[PDB]
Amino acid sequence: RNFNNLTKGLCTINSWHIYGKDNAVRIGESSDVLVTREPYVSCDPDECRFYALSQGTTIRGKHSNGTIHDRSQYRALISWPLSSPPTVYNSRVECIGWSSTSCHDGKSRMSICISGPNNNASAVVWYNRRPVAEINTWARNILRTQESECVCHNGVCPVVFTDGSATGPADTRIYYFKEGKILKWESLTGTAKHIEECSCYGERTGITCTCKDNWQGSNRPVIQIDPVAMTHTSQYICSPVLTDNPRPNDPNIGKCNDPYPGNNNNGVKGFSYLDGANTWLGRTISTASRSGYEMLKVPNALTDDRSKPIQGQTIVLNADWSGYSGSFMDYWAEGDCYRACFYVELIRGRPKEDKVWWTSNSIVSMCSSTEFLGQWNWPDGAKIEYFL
């Protein structure tokens, strides 16, 4: 086997087709399905799999009570076959913790899990299913990472971490791993003022990450990483099509180098594909809550502070709950281009649906098509009343 190199550009995105859906909450009403949150998708050279942070209990289990909680000792990164639900009997534990990332370099997979109390957390870096390196908290305030896949080029896999405040300046670092070992790390540079939960993808231009500014911004910060030089830049998506949640209404001028104001101390993990005229942004439909999901074609969104949509696709109706979203691609597929993909976490239960005492989710996932395909909408599909 050889390390994968990012040699292709993105395929032209003319619409999005259904890729995967697990219906986990529906099935888990009467099956041993693990409670999860913070899911994602990631491919090996021979298989693509769903990933998430388990809560170490099934949904029907009495221990599902209290699973709105983010960081217990009972959480772990698990993976399971594409579009199956995460069950006790089919889920493979990648590592133990409450914040994660994972990616295949073409030879083996690296998985990283962070665990610990708020003031003493640590990352353990796994490679080829063995622990290889460890990183202690540097700011003693909830060391945390992407919650979606990382990306590798010639064996080098950059990962974005943040340690420090969620409501003020924090200490973000970009680490560069190879075979699980730390080659290098660097402090965040550029104009992004706060970074969490980066969603990344790679193509010949390098690695592009769309993150969340939890502190002041409702536009999304972007980190662009050169995995050969092992350097990066940062800014915000310039477009006035704002993509965090909650967020203000879309203005006519966005902000390239500072947070667009209106909403503070909150946000949701999200993503974009930034590719000139082939640029597509994901966002919740609601400006107030994690409901609905849509894709919008916004030419040169990264650099054009006046850019507006010229095409779109609804993925989840505003009437239905969404959640985290992130990017991944099958780097090992046939063809001359990388097909952009994404997932949307469909959160069920607390805090929005409090008649149950649990919080979980299911997954829907799409990839791009060069056809202009008809659109459907893709709800979680479970009926909360059944769980009462």
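Numbers for residues come from their place in the sequence shown, where the first is 1.
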Quiz item: Higher mean Cα B-factor in the deposited model: 75-83 or 212-220?
Solution: 212-220
Practice problem: For the higher mean C-alpha B factor in the entry, choose 266-274 or 166-174. | Solution: 166-174
Exercise. Have a look at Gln313, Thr191, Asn120, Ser100 and flag the one whose Cα has the highest B-factor in the entry.
Key: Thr191
Quiz item: In the PDB entry, which of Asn318, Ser91, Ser111, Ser115 has its C-alpha at the highest B-factor?
Solution: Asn318
Exercise. Could you tell me which third, lowest, middle or highest, the C-alpha B-factor of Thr67 occupies within its chain?
Key: highest
Quiz item: When the modelled residues of the chain are sorted by Cα temperature factor, does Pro227 land in the lowest, middle or highest third?
Solution: highest
Exercise. Classify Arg283 as lowest, middle or highest third according to the C-alpha B-factor given in the PDB entry, relative to its own chain.
Key: lowest
Exercise. Determine, from the deposited record, the chain-internal third of the Cα B-factor for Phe161: lowest, middle or highest.
Key: middle
Quiz item: Ranked by Cα temperature factor within the chain, is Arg26 in the lowest third, the middle third or the highest third?
Solution: lowest
